[PDB]
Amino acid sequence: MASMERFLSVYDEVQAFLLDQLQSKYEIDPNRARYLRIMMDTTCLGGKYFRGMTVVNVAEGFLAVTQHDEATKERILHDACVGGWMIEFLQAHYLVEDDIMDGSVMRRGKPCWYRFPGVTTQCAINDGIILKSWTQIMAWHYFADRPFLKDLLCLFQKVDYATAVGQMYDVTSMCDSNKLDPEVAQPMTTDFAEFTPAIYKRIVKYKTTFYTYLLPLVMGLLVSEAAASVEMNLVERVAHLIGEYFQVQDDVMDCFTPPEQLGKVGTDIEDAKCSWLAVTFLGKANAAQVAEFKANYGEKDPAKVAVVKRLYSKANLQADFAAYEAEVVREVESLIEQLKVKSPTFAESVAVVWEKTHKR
């Protein structure tokens, strides 16, 4: 059975389990069950399933080199699919809530969930809470007797937390740290002194890399009972590196990819985000350019946004990106090589992860 079909069948299984349990144990009625079914499909389906499928990929890698009964192979694959879905549902939680937080309009060419006419923010916040609770219901049901249950919950827990910490880092990235105060409305930074590579890296490391690359990799090891075949510090390092790279790409696209292609109208400039473009622009700009940046950034006014886009174009940031790219290639290759010492197989899964990110 091909990986994607297995993964998608498990979605149907898991959905049916969750909705059946709401009827038998939580006194739900059919109309609310239908609402939740539609919520799950709309928020969890329709992406590329990169994260969930990485869990499946890692597990398949181990199966190819490990002796097992056929029933055991199927069990490990079912586990990897459920675990993949846990990550996809955790992402869905964060997308729902983030879209609300940011007042976002679209996501993947469709309205944000909260904007659906029969949803509203009042329900959507709670819907996003339910998305994440479903991750736990899945784990407790499908993995109840599994030897990796503890380590899987503890890891999941840490990644979730890191993610929420990263969201805080993100939404506060255009404030001056020394001015943060719940009592005082937060001015946008005037100096941009905190738009540095190191500050940027911290945002991205927590907000994206733990759930997008670390969790899928390590969950595939856990459901494979293979975490002792890897040096965990190398897994962390490679995950944080590829994940950073993934975000820089996302930041570039926000500014330069046509809205129809992107699935949304990017607003990083208007939102004054600490993006890779802004940090790298401020890293090479002259005094006059920095001044023109400060006068136009973080403003909804389209004339000012176009001034910022023009400043990025004239600044030839494509060249800084090529250079960053080349350095990421060196380091990712270095880590992959290091991972071969203890597990060729896992090194190869990381290679696959890298190819799917590198050239996308």
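One-based numbering along the sequence shown.
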Compare the mean C-alpha B-factor of 254-262 with that of 97-105 as given in the PDB entry, and name the stretch with the higher value.
254-262
Would you mind comparing 33-41 and 292-300 for me and telling me which has the higher average C-alpha temperature factor in the entry?
292-300
Deposited CA B-factor, highest of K132, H141, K284, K158:
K284
Sorting the chain's CA B-factors, does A323 end up in the lowest, middle or highest third?
highest
Compare the C-alpha B factor of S334 with those of the other modelled residues in its chain, then answer lowest, middle or highest third.
middle
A16's Cα B-factor: lowest, middle or highest third of the chain?
lowest
Would you check the entry's CA temperature factor for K273 and let me know if it's in the chain's lowest, middle or highest third?
highest
Lowest, middle or highest third: where is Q91 by Cα B-factor in its chain?
lowest
